[PDB]
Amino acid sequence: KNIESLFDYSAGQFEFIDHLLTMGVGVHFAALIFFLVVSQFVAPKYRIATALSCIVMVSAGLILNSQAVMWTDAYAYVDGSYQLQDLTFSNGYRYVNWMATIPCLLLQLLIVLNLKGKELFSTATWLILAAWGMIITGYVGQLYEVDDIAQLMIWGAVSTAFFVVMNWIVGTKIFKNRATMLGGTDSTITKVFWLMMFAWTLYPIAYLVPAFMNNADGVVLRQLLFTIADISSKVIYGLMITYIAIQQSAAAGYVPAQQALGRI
C-alpha cells in the first residue's frame, strides 16, 4: 500500500536509506545517555521532563532500529539492484509510535511551562486527544498513498485540522505561561515554540511525497525528511527542554543545578 514497495533501488539509494536510519539510532541513543546523566541536576518538579526525553530517545531509537532491520529484511541485491523480497517495508509503524512519542513531547513542554494540578491534566488531555486525532487520520490517509491519492489528500486535510488546533493550544499555553518562567527561560521557550512549528511541519511534507515525487528518489527524500524532523523534534527539542529545566531549577535554588551550571 506504500510507495516504497513500487520500486527497485540502486545500491546507492538502498545504502543511503540504511545509513540514515542507522545514524538516527545512534544519535538518539547517544542523547539518551546525555539526558540520563544530566537528570541528577534537575529539581524534582521538572525531573519528569528530562525523564520523558529519555523515554522518547529509546522509543524513537527503537522505531528507527526496527525500520532499519525491516529495510534490510525486505530487499536483496538481485540482478544489479535491490529488489523487494517476501517481507515488506512500511512507514506505518512510525505512525503507531507517534501515539506514544507525541504525548511525551507535549507533556515535557507543559512541565517546564510550570503547569500543575487541574490545568496540567486538562491541557494534557486536550493536547493528547488532538494529537491522536491527527495521527490516526494521517495513518488512515497514508494507506491510500498508492491506490487513491485523492483520499490521501482529504484524510491529510482532516489531520492538518487537528495539527493546527494542537499547535494553537501549544502556542496559547506557551505565550500565556512564558511570564511564569525563571532564569531567562521565558526567552528560551519562545524559541522552543518555533522549533516545534518548523520540525513538526516536516512530517506532513513527507506525507505528501507520494503526491509530488512518486519515484525511488522520493522514497529517499521522505526518509531524509523524517531524519531531519526526528532529530530536530526529539533530540534538539529535548536538549532545549532539559536546558530550560536545569536553568529554572538553578533559579529556584536547587543546588545541584546551580553547581552543574557553574562548572560549565
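We call the rigid core the largest set of C-alpha positions that still match within 1.5 Å between the two forms. Don't overthink the numbering: it's just position in the shown sequence, from 1.
Q: If you line up the core and then measure how far each C-alpha sits from this form in 7 other deposited structures of this protein, which stretch comes out higher, 79-87 or 156-164?
A: With the rigid core fitted, 79-87 is the stretch that strays more in 7 other deposited structures of this protein.
Q: With reference to the PDB entry, specify whether the mean Cα temperature factor is higher for 117-125 or for 187-195.
A: Between 117-125 and 187-195, it is 117-125.
Q: Which is higher on mean Cα B factor in this entry, 78-86 or 176-184?
A: So the stretch with the higher mean C-alpha B-factor is 176-184.
Q: At the C-alpha atoms, which of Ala206, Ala211, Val219, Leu64 reaches the highest B-factor in this entry?
A: Of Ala206, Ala211, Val219, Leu64, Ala211 has the highest C-alpha B-factor.
Q: Thinking about Cα B factors across the chain, which third does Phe29 belong to?
A: For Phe29, whose C-alpha B-factor we compare with every modelled residue in the chain, the answer is the highest third.
Q: Lowest, middle or highest third: which one holds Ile241 when the chain's residues are ordered by CA B-factor from the entry?
A: Lowest third, going by the recorded CA B-factors of the chain.
Q: Ranking every modelled residue in this chain by its Cα temperature factor as given in the entry, which third contains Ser233?
A: Tercile = lowest for this residue's CA B-factor.
Q: Taking only the Cα B-factors deposited for this chain, tell me whether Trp168 sits in the lowest, middle or highest third.
A: Its C-alpha B-factor belongs to the highest third of this chain's values.
Q: Taking the C-alpha B-factors as the PDB entry records them, is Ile48 in the lowest, middle or highest third of its chain?
A: CA B-factor rank for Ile48: highest third.
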